[PDB]
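Read through the structure below, which is laid out as structure tokens, and then see the notes.
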Amino acid sequence: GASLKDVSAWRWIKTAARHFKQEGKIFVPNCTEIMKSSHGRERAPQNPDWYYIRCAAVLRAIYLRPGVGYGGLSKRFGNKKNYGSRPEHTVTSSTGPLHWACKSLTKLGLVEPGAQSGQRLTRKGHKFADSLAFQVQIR
Amino acid sequence: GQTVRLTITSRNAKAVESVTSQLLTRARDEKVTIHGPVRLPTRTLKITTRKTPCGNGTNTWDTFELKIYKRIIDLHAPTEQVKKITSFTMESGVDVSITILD
Amino acid sequence: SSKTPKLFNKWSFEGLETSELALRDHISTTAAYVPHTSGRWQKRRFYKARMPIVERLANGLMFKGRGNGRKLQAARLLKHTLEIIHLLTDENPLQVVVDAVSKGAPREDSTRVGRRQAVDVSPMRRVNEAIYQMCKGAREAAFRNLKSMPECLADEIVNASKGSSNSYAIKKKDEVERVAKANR
Amino acid sequence: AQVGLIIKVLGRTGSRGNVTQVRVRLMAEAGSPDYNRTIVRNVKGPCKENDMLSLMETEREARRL
Amino acid sequence: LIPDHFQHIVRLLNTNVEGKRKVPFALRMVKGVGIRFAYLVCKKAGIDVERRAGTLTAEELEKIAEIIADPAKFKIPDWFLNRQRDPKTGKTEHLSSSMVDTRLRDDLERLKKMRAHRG
Amino acid sequence: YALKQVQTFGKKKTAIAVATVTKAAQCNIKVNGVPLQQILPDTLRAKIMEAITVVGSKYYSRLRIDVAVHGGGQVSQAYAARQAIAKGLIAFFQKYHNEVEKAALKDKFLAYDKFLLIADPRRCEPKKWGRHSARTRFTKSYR
Amino acid sequence: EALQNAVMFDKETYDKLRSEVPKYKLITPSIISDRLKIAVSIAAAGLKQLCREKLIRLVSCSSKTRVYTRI
RNA sequence: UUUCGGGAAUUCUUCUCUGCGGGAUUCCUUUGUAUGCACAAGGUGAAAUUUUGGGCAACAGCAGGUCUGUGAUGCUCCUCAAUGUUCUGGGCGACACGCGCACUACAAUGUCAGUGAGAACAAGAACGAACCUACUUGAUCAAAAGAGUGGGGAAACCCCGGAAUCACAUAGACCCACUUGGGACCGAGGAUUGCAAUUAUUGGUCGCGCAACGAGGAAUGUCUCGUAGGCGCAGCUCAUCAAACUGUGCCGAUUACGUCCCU
Ligand SMILES: [Mg+2]
Ligand SMILES: [Mg+2]
Ligand SMILES: [Mg+2]
Ligand SMILES: [Mg+2]
């Protein structure tokens, strides 16, 4: 068989995002076409499917490290910001888009509000991630 | 029964080892089950400042340090029995606290 | 079931040799998989003569403030460079680079002991100088240019191995050796 | 360009100490002239015994010390 | 492939725009349109951002000029615009193509006439 | 039917790798849960794979090796991992084989690299006041 | 250095890409950019097509570097 | 067969924590010795020459600095419309100029948009709360910021401390141009700290970018191994603000291992 973490991270993320787009029941918010992924960026995302890729990356990031919140995920998706004539510093990503991503995955039935504090995968979400991993291995 | 945790803290390494040793000898004399002693990580407080009282000359600094030592001991005894073990002439500069765990 | 290593799992170290008899003890042809080794090669005086030659090339690409300390990037540039060298010459790329190192430095120089006075060049200095001049010539050729660094470095190396004057290193070697003859 | 073998290092010379004086043996052939010949030269880089040299002209000699 | 109507300079809002550039990066040559704004104009006009500006047609130019003139009619939010509550008129608008320079001269004359510190 | 298991460690700068080697049904080497063929970049993967190819893969025939690495950075963690794997094979052969085969593996590792089995003692030098780094003094101006 | 490199690949230079570029040894986006006087962006797109139709063979690939040769 | 729970149950100290100990001595071999004191190369080894890096450091002096650290001080000056003290406002921040020390760059060994893996030193509040933080809410639609439950006397919470250089077989965009390089200067909304933000707070959004700058004359600073250089992170100052300082880790070289030409 196969499971997540036995396959390449990018190929899993790319395959899952393509799955979300084709099934067509995901609830993309309207602000995804207007906003930047974080205030540490300078331009808007250049991939028109950037929201599906972010949702798939969030799902993989909850499979590892269950019980994670929006603040924890914002460290994973942060970057270094260009202040003009001053030195650079690290900024965490905006948590608003991460809040939308978890809400979308909850409406699909893949994420649960977690036991004590954070976010968690459901049994359906765990089944989805491993079946996708086997498809990637088969190619 | 209950479990009593003893915490020993001091500024001087020698006195903290002296106090912990006698607390262990008397506990074994009274035939009590013991956990530890545990040497917790030692912390150092640093302060660095200019040596000159004014602003003249080459800028030189001196750094002062201060070390804190900590040990803990766990006992299985009632409160009255523990007090006899704890009571003796402890050296100056050593703090000993008593707690009951859950 | 051990087998001998090949660089980037592709290029063979078997039969590697230099035709310059005077440099045979200062160019190391030891087999390895990748340039990275993370050793203490500057502890003694001549210990650096046992560092494998392709890694010495990689250490010559981490030069300016933007390039200092980037060894993994230098390894990737060399991997692409060797493939282009093989296409251009149809020979073993490892043999081509040791030929270039054997020719890229002047055998006679003039120093300021005497005006100037002509002296001979130690074999250790000949291999140090060949690597330095070949990397410097390729870095300047790619500064504001459509050509990539791998393409610029490949041309410099194949020209040096042929003794062609189109190489940066060969051109400077002809000037230093000509001036030294004047100050004999 | 003949080849010579360094058999002795006669100290470091010149102002600033970047030149070394050595004596070298012209290996050459086995029966031909310039065989077992010795000569004293100045060398620019770092060198030690048993190093080999490439000599463009084997006719000049270096002044001692 | 090259079309017969490829133009090396396209005239848009009294500005000469270089036709060799990608569409969003040729539209930022208009005063009042930045890189963030130019991408949004292409989205509301239904233009692929991977084309070159020299292939744009006459009907495509009129649409782009109309979006830039009134971005709020095409559902571009107010926080995106460069003059949100005009100190004289109170209306939210976007300024472009030499209205940027005229309004700048108006603002400095406003501060000098009342003799404020900034003006 | 007993458990044949050993544990070793390796260190480079601040990274510490701990390897558990156990006899199993099929060979399997993982680092922090990731199989070796998934490790990136290829340069660092070939560095770790040296602990296998130097002696040969026939000596890892039915061994399951799991490596946990913490501390350090991208490159020092790769170097600590390969040291833990090489030392793990020696420790396993010392416990469940005789001395002739172990000594034959040990000198092959040492003939290739000393740091495959012995840790590098280098550490960062402390910073001093009046200097920007360990050794760089402040800029001096005369006029 | 005017360097008037075209960005849109007219029909005359399309023939040259499909006819003689395959006959070259050591194809690279920068190498045929100046032989045909076209921008590197459309040179790399034109070479990606020939790799799909199996007219040239890929030799070394990376996220930023690609070098081909003849069949 | 693998994988998951920051189920449960036994037993155990490889990794972590630390008070006192061990360990290196030119110890062993061979050179030249110059037969004494020693040296060079190798061996042993975690480490091989002051093991590495710091702290401490004699005697004599300087009319060096500090009377803006003190309830350390002689002499002298002011002392009720005070040179004492407090309160209001302004200034210490003014500028077509000169000099020292920094920060950001001039691009393709790059900029932008994604995705991966992955440190160390630290800090946290005075009848409960004034300090630091996680989580979810705000959200049937922007950043950042309102707000609500909790936790932490700090190996216990933050925290499995998801740092930035870095990597990517990402089939992504740009193509040698003052250009998607650079980001100075300025315009218009809005929020936050504070008793008070204009003469001077600080984040965030759209615009300006048409301001120089395409590698820098004579001169000149620092540096020999986990070093230089590059990269971020803590502490300090602190209600609010770090292009500084004091520390910490990460990536990681070229060259010499010499001399008395200059100082
Ligand atoms: Mg930058
Ligand atoms: Mg100074
Ligand atoms: Mg511009
Ligand atoms: Mg000048």
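Residue numbering restarts at 1 for every chain, and letters A, B, ... go by the order of the sequence lines.
- Pucker assignment for H:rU68 gives south. The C1'-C2'-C3'-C4' angle has a negative sign.
- Remark: H:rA164 and H:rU165 stack on each other (six-membered ring centres under 5.5 Å, interplanar angle under 30°).
- Between C:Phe143 and A:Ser8, the residue anchored nearer the 5' end of RNA chain H, judged by the nucleotide with its closest heavy atom, is C:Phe143.
- Remark: the bases of H:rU44 and H:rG65 do not meet in a Watson-Crick or G-U wobble pair with both edge contacts under 3.5 Å.
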If you look only at distance, which donor and acceptor atoms sit under 3.5 Å apart when one is on a side chain in residues 118-126 of chain F and the other is two or more places apart or in another chain?
residue: F:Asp120; atom: OD1; partner: F:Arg122; partner atom: N; Å: 3.3
residue: F:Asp120; atom: OD1; partner: F:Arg122; partner atom: NE; Å: 3.3
residue: F:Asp120; atom: OD2; partner: F:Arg122; partner atom: NE; Å: 3.3
residue: F:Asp120; atom: OD2; partner: F:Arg122; partner atom: NH2; Å: 3.0
residue: F:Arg123; atom: NE; partner: F:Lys13; partner atom: O; Å: 3.2
residue: F:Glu125; atom: OE1; partner: F:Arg135; partner atom: NH2; Å: 3.3
residue: F:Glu125; atom: OE2; partner: F:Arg135; partner atom: NE; Å: 3.4

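- Nucleotides H:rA142 and H:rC213, compared at atom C1', are 36 Å apart to the nearest Å.
- The residue A:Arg76 sits close to a base: some heavy atom pair falls under 4.0 Å.
- With its ring centre under 5.5 Å from that of the base six-membered ring and a plane angle below 30°, E:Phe25 counts as stacked on H:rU180.
- A canonical Watson-Crick pair (purine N1 to pyrimidine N3 plus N6-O4 or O6-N4) or a G-U wobble (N1-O2 and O6-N3), each contact under 3.5 Å, is present between H:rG207 and H:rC186.
- Counting any heavy atom pair closer than 4.0 Å across all strands shown, C:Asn128 reaches sugar-phosphate atoms only and no base atom.
- Here C:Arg66 lies in heavy-atom contact (under 4.0 Å) with sugar-phosphate atoms only.
- No contact: A:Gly1 has no heavy atom under 4.0 Å from any strand.
- With both hydrogen-bonding distances under 3.5 Å required, H:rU259 and H:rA191 do not qualify as a Watson-Crick or G-U wobble pair.
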Go through it in stages, so that I can follow the logic: the residues are C:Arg144 and G:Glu1, the test is salt bridge (charged side-chain N to carboxylate O under 4.0 Å, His left out), and I'd like the CA-CA distance, side-chain angles, deciding distance and then a yes or no. CA-CA 12 Å; C:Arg144 296 205 299 154; G:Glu1 209 197 22; over 6 Å; no
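- No canonical Watson-Crick or G-U wobble pair links H:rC12 to H:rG189 with each of its two hydrogen-bond distances shorter than 3.5 Å.
- Nucleotides H:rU68 and H:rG194 have their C1' atoms positioned 29 Å apart, rounded to a whole Å.
- From the dihedral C1'-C2'-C3'-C4', which is positive here, one reads the pucker of H:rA46 as north, toward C3'-endo.
- As judged by a 4.0 angstrom heavy-atom cut-off over every strand, B:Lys67 is placed among residues making no nucleic acid contact.
- Contact annotation for F:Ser133: backbone-only contact, meaning every heavy-atom pair under 4.0 Å involves sugar-phosphate atoms and none involves a base.
- Remark: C1' of H:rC206 and CD1 of E:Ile35 are 13 Å apart, rounded to the nearest angstrom.
- Base-pair annotation: H:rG124 with H:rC157 meets the Watson-Crick or G-U wobble criterion (two N/O distances, each under 3.5 Å).
- No close placement of the E:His94 and E:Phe80 rings is indicated, their centers lying 6.0 Å or farther apart.
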Could you pull out the protein-nucleic contacts involving nucleotides 119-122 of chain H (nitrogen or oxygen on both sides, under 3.5 Å)?
residue: H:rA119; atom: OP1; partner: F:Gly71; partner atom: N; Å: 3.1
residue: H:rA119; atom: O4'; partner: F:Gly72; partner atom: O; Å: 3.4

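- F:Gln26 comes within 4.0 angstrom of no nucleic acid atom, judged by non-hydrogen atoms across all strands.
- The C1'-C2'-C3'-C4' torsion of H:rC75 is positive, which assigns its sugar to the north, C3'-endo side.
- H:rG207 atom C1' lies 14 Å from atom CD1 of E:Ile76, rounded to whole Å.
- Nucleic acid contact class of E:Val33 (heavy atoms, under 4.0 Å, all strands): sugar-phosphate only.
- Heavy atoms of F:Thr8 sit nowhere under 4.0 angstrom from any nucleic acid atom.
- Residue-level contact check: D:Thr20 touches neither bases nor backbone, having no heavy atom under 4.0 Å from any strand.
- Taking both residues in full, the closest heavy atoms of C:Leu72 and C:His36 are given as CD2-CD2, 4.3 Å, listed atom of the first, atom of the second, then distance.
- H:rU202 and H:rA142 are not base-paired, meeting neither the Watson-Crick nor the G-U wobble geometry with both donor-acceptor distances under 3.5 Å.
- For C:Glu55 and F:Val18, each mapped to the nucleotide of RNA chain H holding its nearest heavy atom, the one lying further toward the 5' end belongs to F:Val18.
- With both hydrogen-bonding distances under 3.5 Å required, H:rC20 and H:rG258 do not qualify as a Watson-Crick or G-U wobble pair.
- If you check every strand for non-hydrogen atoms under 4.0 Å, E:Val30 touches sugar and phosphate atoms only.
- A Watson-Crick or G-U wobble pair links H:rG114 with H:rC168, both defining distances under 3.5 Å.
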For nucleotides 54-58 of chain H, which of its nitrogen or oxygen atoms have a protein nitrogen or oxygen under 3.5 Å away, and what is each distance?
residue: H:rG54; atom: OP1; partner: F:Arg131; partner atom: NH1; Å: 3.4
residue: H:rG54; atom: OP1; partner: F:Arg131; partner atom: NH2; Å: 3.1

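- Residue C:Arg70 is in sugar-phosphate contact alone, with no base atom involved, counting any heavy-atom pair closer than 4.0 Å across all strands shown.
- Taking the six-membered ring for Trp, A:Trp100 and A:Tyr51 have ring centres at least 6.0 Å apart.
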Distances under 3.5 Å between nitrogen or oxygen atoms of protein and nucleotides 16-19 of chain H:
residue: H:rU16; atom: OP1; partner: F:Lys11; partner atom: NZ; Å: 3.3
residue: H:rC17; atom: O2'; partner: B:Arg39; partner atom: O; Å: 3.1
residue: H:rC17; atom: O2'; partner: B:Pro41; partner atom: N; Å: 3.3
residue: H:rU18; atom: OP1; partner: B:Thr42; partner atom: N; Å: 3.4
residue: H:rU18; atom: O2; partner: B:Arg39; partner atom: NH1; Å: 2.8
residue: H:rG19; atom: OP1; partner: B:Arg71; partner atom: NH1; Å: 3.4
residue: H:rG19; atom: OP1; partner: B:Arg71; partner atom: NH2; Å: 3.2
residue: H:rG19; atom: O4'; partner: B:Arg71; partner atom: NH2; Å: 3.3
residue: H:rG19; atom: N3; partner: B:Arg39; partner atom: NH2; Å: 3.4

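- The distance from atom CZ of E:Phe37 to atom P of H:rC208 is 10 Å, rounded to the nearest whole Å.
- H:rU179 and H:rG6 are not base-paired, meeting neither the Watson-Crick nor the G-U wobble geometry with both donor-acceptor distances under 3.5 Å.
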For nucleotides 95-102 of chain H, print each protein N/O atom paired with a nucleotide N/O atom at under 3.5 Å, atom names and distance only.
residue: H:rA102; atom: OP1; partner: F:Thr139; partner atom: OG1; Å: 2.8

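- H:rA142 has its base stacked against the ring of E:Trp79, the centroids being under 5.5 angstrom apart at an interplanar angle below 30°.
- For the strand neighbours H:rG221 and H:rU222, base stacking is present under the 5.5 Å centre-distance and 30-degree plane-angle rule.
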Show each protein N/O and nucleotides 143-146 of chain H N/O combination with a separation under 3.5 Å, one pair to a line.
residue: H:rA144; atom: OP1; partner: A:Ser94; partner atom: OG; Å: 3.1

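- Heavy atoms of C:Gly69 sit under 4.0 angstrom from at least one base atom.
- Glycosidic conformation of H:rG235: anti, with the torsion beyond 90° of 0.
- For H:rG150, the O4'-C1' to base torsion is more than 90° from 0; the nucleotide is therefore anti.
- Pairing status of H:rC174 against H:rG110: a Watson-Crick or G-U wobble pair, both distances under 3.5 Å.
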